[PDB]
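Asker: Can you look at this? It's an experimental structure, sequence on top.
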Amino acid sequence: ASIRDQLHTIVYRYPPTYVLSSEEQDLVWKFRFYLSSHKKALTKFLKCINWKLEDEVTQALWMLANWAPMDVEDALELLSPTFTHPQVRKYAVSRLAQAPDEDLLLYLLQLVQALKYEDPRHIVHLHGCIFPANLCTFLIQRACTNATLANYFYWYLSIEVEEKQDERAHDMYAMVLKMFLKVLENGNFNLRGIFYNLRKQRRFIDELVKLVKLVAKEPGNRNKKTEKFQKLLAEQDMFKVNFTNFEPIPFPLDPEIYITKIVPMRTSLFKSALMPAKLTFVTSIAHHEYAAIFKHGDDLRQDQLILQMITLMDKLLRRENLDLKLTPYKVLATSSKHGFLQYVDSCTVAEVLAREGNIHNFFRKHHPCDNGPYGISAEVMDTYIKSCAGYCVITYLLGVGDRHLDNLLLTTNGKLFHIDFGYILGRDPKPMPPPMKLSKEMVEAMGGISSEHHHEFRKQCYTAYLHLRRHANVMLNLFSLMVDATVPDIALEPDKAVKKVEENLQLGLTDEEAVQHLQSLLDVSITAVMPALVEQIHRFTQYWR
Amino acid sequence: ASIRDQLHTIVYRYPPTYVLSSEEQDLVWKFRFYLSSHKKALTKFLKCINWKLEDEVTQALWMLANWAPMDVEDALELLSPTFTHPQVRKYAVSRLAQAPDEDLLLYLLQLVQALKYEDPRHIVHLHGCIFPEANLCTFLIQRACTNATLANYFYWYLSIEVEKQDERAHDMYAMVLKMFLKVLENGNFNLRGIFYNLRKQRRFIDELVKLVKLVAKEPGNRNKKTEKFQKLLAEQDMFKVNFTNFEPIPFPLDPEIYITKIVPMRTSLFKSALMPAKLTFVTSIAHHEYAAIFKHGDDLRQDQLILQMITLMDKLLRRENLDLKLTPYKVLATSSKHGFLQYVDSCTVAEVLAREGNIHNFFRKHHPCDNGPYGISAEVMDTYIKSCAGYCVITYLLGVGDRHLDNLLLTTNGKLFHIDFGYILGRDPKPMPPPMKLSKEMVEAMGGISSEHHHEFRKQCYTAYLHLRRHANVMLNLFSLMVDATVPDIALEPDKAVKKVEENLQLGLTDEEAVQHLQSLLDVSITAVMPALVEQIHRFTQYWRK
Ligand SMILES: CC(=O)/N=c1/[nH]c(C)c(-c2ccc(Cl)c(S(=O)(=O)NCCO)c2)s1
Ligand SMILES: CC(=O)/N=c1/[nH]c(C)c(-c2ccc(Cl)c(S(=O)(=O)NCCO)c2)s1
């Protein structure tokens, strides 16, 4: 038949979390031998057979080895806690190895979570071998090959190692890190090198933290505190590291860039309540400054997960040839309670309005074109619309709550981005989120409800939503892996978190239905936002008396 | 060939009238000549060439004469004021000749309008032909005499037109009626029969007009006026025509039915200030009784156009097989300020809501089923949903205004329909009309926005819309012929009227987009109507403030 081919298509090439496939799976089995169309199919096949029969397992194992090779994302699904079997786990690891380093890095965070699911005895044995294949051996081998990987891997392990089930995973992660440092210490010249560099980073942060704690103890309003901060950095050999000069250190935030000194005067502290510094650094090359922020008191693991998410979505959209000019900025955590964040030069939307009446005035000031469209250079408008679309959709998919003018920022080229992703998957302090988050001023920024640009924005949202809908599996698989993740919003209900993103993605609906649905959310949110729209609705209510 | 075809196929199918692509028109020519396969192409083809000079015009007629024959609708487009040329009008009329009588019956209003479009010389020649001293007017006459129902309608449309460039058009209309009547008198027996029938009808109408004038005269309250009315009916010789019995006349509002007499005891009178009367008539056969309304206040030319449009749309939908179970009651205007309306048994919603707290109760009273989706039988519920769907869509395209709960009535059966059309094409006494018209109570009748019936209802509107979009052209041509019509609402911005319906049609949108647009309109209308949805909006507005 031909109908048969299509019912199968819905099943192998639609949803990954679905345990849905039920008996149809048995039907899948028959075609399975004749045609394993694709990799997507392999992931689906694996789900149905395993537990019941040893002989059935033998046939499946042979089937998997023969099978057309799976794509990496599916590999993540395999590393998931759902699949117990060692051979499938090994196969999943083989898939990862084949993948290029940069892609391997993007996932890395999940791979560390994945570590929890890999059997403990592999890890105890490996330890046994080092003191008086399996994935953890794989992560260490790969981590050693590449310095940047070594660096993130080290930072992720260390975040886990500091102070019920916490005990089992902590001992195990601790085991992993000790092994990693010991492999580097022995390794050769390049590995020894990696080890020294980390030693340096660790030392630098500790002193940086010490200085920060002194600043907090010292009393004053922010400015008095900041002046004090400037003074400490300039103070030579109060600290183990001298902040005005040091030996070059690959930035922990970015491993690629060494730093030299810090400039005491260029350091500010932020308006936000928990006060984080901007710092500047010089860099090893040509003296170029870098800045990052550094944050005194918060666990950023949540922020890093969301940013990875935004980075990933952006990568996917870009291959599709959609650039929404999203800015994913680097975060890392250090310890829980400190990290860095990349600094983007921007003005907070609230600052822009306070300081320039409206967004347009501010853009116009930076990029005047007499000729169009708002007396603002066309490209800036374009980037602003695109950033807006990218963010509504991503904020919506990732269920990001708690946005405000302090929260959004702008750039001088136009882009908008978000910040401070403390509320995730629809947690909001408030009782009633709008489903889509657009400030009145942002809508006005587009020249109101009826403008060419507003239409461009909605068109753009639908397209972006549709593309993400298509590339579901990867995000769902990364979330599947973040169940026991120690990200607070996920921690409230582990299970519901994966389900929530799936619900937002709206995979059930047909494409025409999904666009209509999205349109509906945008519309309620925008009507609520505009006052003219609200008075007009009152008028319609009134019309029936 | 390959890529040039798609743009061809788009232009023939997609726009109803286009200024655009004048260079495109000249581009089509080269490949127009050759394809010449399908008729809808022909319509677009004629448009370009005539502004273009004369020697190509004669070539185009050979092209025209040969081209695959048009469907009737495209021809109403050619009778347009837009195309002046005489040979095409022959072609258009030959096209009309082909139409079965029922189709001509539908387009009649528009055809009488098409008379306003020249040539006067055609009328005067025919006048000179029957007086002391095929082609359009002749066609209409010859056609009218062929069939009696056709003749009736033709008479009443002519009749109303005759009762600084308007006077000359009036005068022309007058000649056409007198000719039509003289043809009937000189007629073989059947014509004479039709003629005698028309006379009977008028004599009758005028006696009833007098009677109404006498009932209107009294200062006494409405209840006192009904009583007076009944008495005027019960006494014969009061009028040249006696109302308690007369020789069977074919009902003027519906030609087929014959009426013996009005029944006086059953006569009732309506609430509106200008005070309409409801009359029961006796049919000639089997003592069937037919109810009608006769209205003394205003010309129903507006109301009748709308009902034509509704009937038209219904037919299209049902031809795509969408019984949205509309109820297009018949309307005829006798003259400006008197009319007849098919009465259909109905309870106004406002009435239904006082009589019953809710619409569900009402429906439940008339068709219970314990297993029913609600207390109600499933068929009633489905029909109600459909009727709503049809009516929102139609109201939206038509920019019908003034809807209130007295304006829309409900049948025991469940069909919902709107009755009154004072305000049209977005004219509304009120300043900000909802784009879609739903009573809050109508939505509740669907079981609310989460309820599935509501979802089905919405699905129904979208498809109704999609289909109607497809037969865009027939409506457009009709309205283009109604430009000089004398409906008050067209008259204020007569040129702009057609454009207003065209905006409602959103022809520019692709189908997915169209639906989206309509969805937006539904949404606003419903949210305004529901107090819970406004509350939600209210909390949302609260979010950004602080
Ligand atoms: C002027 C300016 O604020 N430039 C910045 N570019 C970026 C990426 C900033 C940033 C990123 C993350 C965080 Cl967590 C912060 S924060 O100011 O430390 N917390 C804000 C809570 O409302 C600030 S701030
Ligand atoms: C109201 C009722 O019970 N049955 C009816 N069925 C029909 C088609 C009605 C109708 C149609 C057109 C008009 Cl114009 C009217 S009307 O009641 O005469 N005009 C309303 C306010 O002045 C009533 S009324």
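Answerer: Great, that's in hand. Numbers count the residues shown, from 1 in each chain, chains lettered A, B, ... in the order given. Ligands and ions are numbered 1, 2, ... in the order given.
Asker: Find the residue at the geometric middle of chain A.
Answerer: Centre of chain A computed as the mean C-alpha position; nearest residue by C-alpha atoms, centre = their mean is residue A:308, 1.9 Å away.
Asker: so how far is the helix or strand hosting that one from its chain's centroid?
Answerer: Assignment of secondary structure by DSSP states H and E places residue A:308 within helix A:301-319. For helix A:301-319, the distance from its own C-alpha centre to the chain's C-alpha centre is 4 Å (C-alpha atoms, centre = their mean, to the nearest Å).
Asker: Can you classify the residue lying closest to residue A:375 once chain neighbours are set aside as helix, strand or coil?
Answerer: If the residues on either side of it in the chain are set aside, residue A:375 comes closest to residue A:364, at 5.3 Å by C-beta to C-beta, 6 or more residues apart in numbering or on different chains. Placement of C-beta: from N, CA and C, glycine included. Assigned by DSSP: H, G, I helix; E, B strand; the rest coil, the conformation of residue A:364 is helix.
Asker: got it, and residue A:245?
Answerer: Secondary structure of residue A:245, reduced to three states by three-state DSSP: coil.
Asker: ok, the residue of the stretch 1-150 of chain A found nearest ligand 1 to residue A:318 distance?
Answerer: Distances from the stretch 1-150 of chain A to ligand 1, computed as C-beta to the nearest ligand atom, single out residue A:109 as the nearest residue at 17.8 Å. Using C-beta to C-beta, to the nearest Å, we find residue A:109 at a distance of 20 Å from residue A:318.
Asker: These two: which is more packed in?
Answerer: Between residue A:109 and residue A:318, counted using other C-beta atoms under 10 Å in any protein chain shown, the more crowded position is residue A:109 (20 against 12).
Asker: what does the helix or strand containing that one contact?
Answerer: Here residue A:109, judged by DSSP H and E, is contained in helix A:101-117. Under the criterion C-beta atoms under 8 Å, 6 or more residues apart in numbering or on different chains, residues A:72, A:76, A:79-81, A:96, A:135-136, A:139, A:142, A:145-146, A:148-149, A:152-153, A:156-157, A:160, A:169, A:172-173, A:176, A:304-305, A:308, A:311-312, A:315, A:478, A:481-485 lie in contact with helix A:101-117.
Asker: For it, buried residues please.
Answerer: Neighbour-count burial for helix A:101-117, counted by 16 or more other C-beta atoms under 10 Å in any protein chain shown, picks out A:104-117.
Asker: Of these, which is the nearest to chain B?
Answerer: residue A:109 (31.5 Å; C-beta to the nearest C-beta).
Asker: Can you name every helix or strand that the helix holding residue A:308 contacts?
Answerer: With contacts defined as 3 or more C-beta pairs under 8 Å, 6 or more residues apart in numbering or on different chains; DSSP states H and E, helix A:301-319 has these neighbours: helix A:101-117, strand A:331-333, helix A:378-397, helix A:452-470, helix A:472-480.
Asker: thinking again about what came up before, by how many degrees do the helix holding residue A:109 and helix A:301-319 diverge?
Answerer: 140 degrees (axes from the mean of the first three to the mean of the last three C-alpha atoms, to 10 degrees).
Asker: Can you give the distance of helix A:101-117 from its chain's centre?
Answerer: A distance of 12 Å separates the C-alpha centroid of helix A:101-117 from that of its chain, computed with C-alpha atoms, centre = their mean.
Asker: And for stretch A:519-538?
Answerer: 31 Å.
Asker: same thing with stretch A:342-355?
Answerer: Averaged C-alpha coordinates place stretch A:342-355 at 22 Å from its chain's average position (C-alpha atoms, centre = their mean).
Asker: what does stretch A:77-92 give?
Answerer: Taking C-alpha atoms, centre = their mean, one finds stretch A:77-92 lying 24 Å from the centre of the chain it belongs to.
Asker: residue of the stretch 401-545 of chain A with the smallest distance to ligand 1?
Answerer: residue A:420 (3.6 Å).
Asker: ok, that residue touching residue A:407?
Answerer: Yes - using C-beta atoms under 8 Å, residue A:420 is in contact with residue A:407, at 5.7 Å.
Asker: re earlier: and the buried residues of helix A:101-117 as TSV, adding distance to residue A:287?
Answerer: Formatted as TSV, those follow (distance: C-beta to C-beta, whole Å):
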residue	distance to residue A:287
A:104	33
A:105	28
A:106	31
A:107	35
A:108	32
A:109	33
A:110	38
A:111	37
A:112	36
A:113	40
A:114	41
A:115	40
A:116	44
A:117	46
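Asker: In the stretch 151-300 of chain A, what residue spans correspond to helices?
Answerer: Taking DSSP state H, counting those that start in this stretch as the criterion, the stretch 151-300 of chain A contains helices spanning A:165-186, A:190-217, A:222-234.
Asker: which one of the ones you listed lies closest to residue A:387?
Answerer: In this view, those are compared for proximity to residue A:387 by C-beta to C-beta, and helix A:222-234 is the closest at 29.8 Å.
Asker: which residues sit in contact with residue A:360?
Answerer: For residue A:360, the contacting residues are A:374, A:375, A:376, A:445, by C-beta under 8 Å, 6+ apart.
Asker: swap the cut-off to 10 Å and go again
Answerer: If you count contacts by C-beta atoms under 10 Å, 6 or more residues apart in numbering or on different chains, residue A:360 has them with A:374, A:375, A:376, A:381, A:384, A:441, A:444, A:445, A:446, A:447.
Asker: How about the host helix or strand of it and ligand 1, any contact?
Answerer: Using DSSP H and E, residue A:360 falls within helix A:359-366. No - applying C-beta under 6 Å from any ligand atom, one finds helix A:359-366 separated from ligand 1 by no less than 13.6 Å.
Asker: Distance from the chain centre to that helix, please.
Answerer: Once both centres are worked out by C-alpha atoms, centre = their mean, helix A:359-366 turns out to sit 31 Å from its chain's centre.
Asker: What of stretch A:372-381?
Answerer: 31 Å.
Asker: Same check on stretch A:381-398?
Answerer: When C-alpha coordinates are averaged (C-alpha atoms, centre = their mean), stretch A:381-398 and its chain have centres 16 Å apart.
Asker: returning to what we had before: isn't the residue nearest to the centre of chain A up against residue A:478?
Answerer: Yes - proximity of residue A:308 to residue A:478 meets the contact threshold set by C-beta atoms under 10 Å, at 8.0 Å.
Asker: how much space between residue A:516 and ligand 2?
Answerer: Distance, residue A:516 to ligand 2, by C-beta to the nearest ligand atom, to the nearest Å: 36 Å.
Asker: So which elements touch whichever strand or helix holds that residue?
Answerer: In the assignment (DSSP H and E), residue A:516 maps to helix A:511-529. Applying 3 or more C-beta pairs under 10 Å, 6 or more residues apart in numbering or on different chains; DSSP states H and E, one finds that helix A:511-529 makes contact with helix A:378-397, helix A:440-444, helix A:452-470, helix A:531-543, helix B:511-529, helix B:531-544.
Asker: Name the residues that touch the second one?
Answerer: In other words, helix A:440-444. Contacting residues not belonging to helix A:440-444 are listed as A:349-350, A:352-353, A:357-360, A:384, A:388, A:391-392, A:405, A:408, A:410, A:416, A:449, A:451, A:454, A:457, A:525-526, A:528-531, A:533, B:541, B:544-545 [C-beta under 10 Å, 6+ apart].
Asker: From those, list just the buried residues.
Answerer: Buried among these by 16+ other C-beta under 10 Å: A:349-350, A:352-353, A:359-360, A:384, A:388, A:391-392, A:405, A:408, A:410, A:416, A:451, A:454, A:457, A:525-526, A:528-530, A:533, B:541, B:544.
Asker: Please report the distance of residue A:208 from chain B.
Answerer: The spacing between residue A:208 and chain B, counted by C-beta to the nearest C-beta, to the nearest Å, is 35 Å.
Asker: Over to residue A:205?
Answerer: Residue A:205 sits 37 Å away from chain B, going by C-beta to the nearest C-beta.
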